[PDB]
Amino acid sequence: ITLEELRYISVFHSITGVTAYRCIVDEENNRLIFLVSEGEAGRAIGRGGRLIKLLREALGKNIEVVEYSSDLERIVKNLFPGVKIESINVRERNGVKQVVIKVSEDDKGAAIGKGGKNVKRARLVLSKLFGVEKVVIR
């Protein structure tokens, strides 16, 4: 939407040759999360993640790549890769949507990410693409 995000999307394709649906800026963690089409994540990363390294050089921020999906469960699984997600649950009331992910006894480790880093990525992405304003790992 913004011009900044518009710039990021343009440089992403310029370096990788892959089209980014969106670029979720995360100033707090000096990070940029690029959303790409299904099956495209490997092309965007490159051999030895060389393209990730060039994007960091190019945009001066940390770079992350996630495959987008209009299906909440799908993108949720993409958002928490090294995790066993049993069930996802979305509750809405007065237009307030909250997602509750059910991960096994101790999958809560990778789920949260060092310093919420991971679950914040979930919140940011689900907030921008699904109107979800609350995420909960249970």
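Numbers for residues come from their place in the sequence shown, where the first is 1.
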Discussion item. Highest mean C-alpha temperature factor of the two stretches 86-94 and 52-60, which is it?
Written reply: 86-94
Worksheet item: Do the C-alpha atoms of 35-43 or of 98-106 have the higher average B factor in the entry?
Response: 98-106
Item to complete: Taking the chain's C-alpha temperature factors as the reference, tell me which third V66 falls into: lowest, middle or highest.
Response: lowest
Discussion item. Considering every modelled residue of the chain and its Cα B-factor in the PDB entry, is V119 in the lowest, middle or highest third?
Written reply: highest
Worksheet, complete the sentence: By the entry's values, the third containing the CA B factor of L79 is the lowest
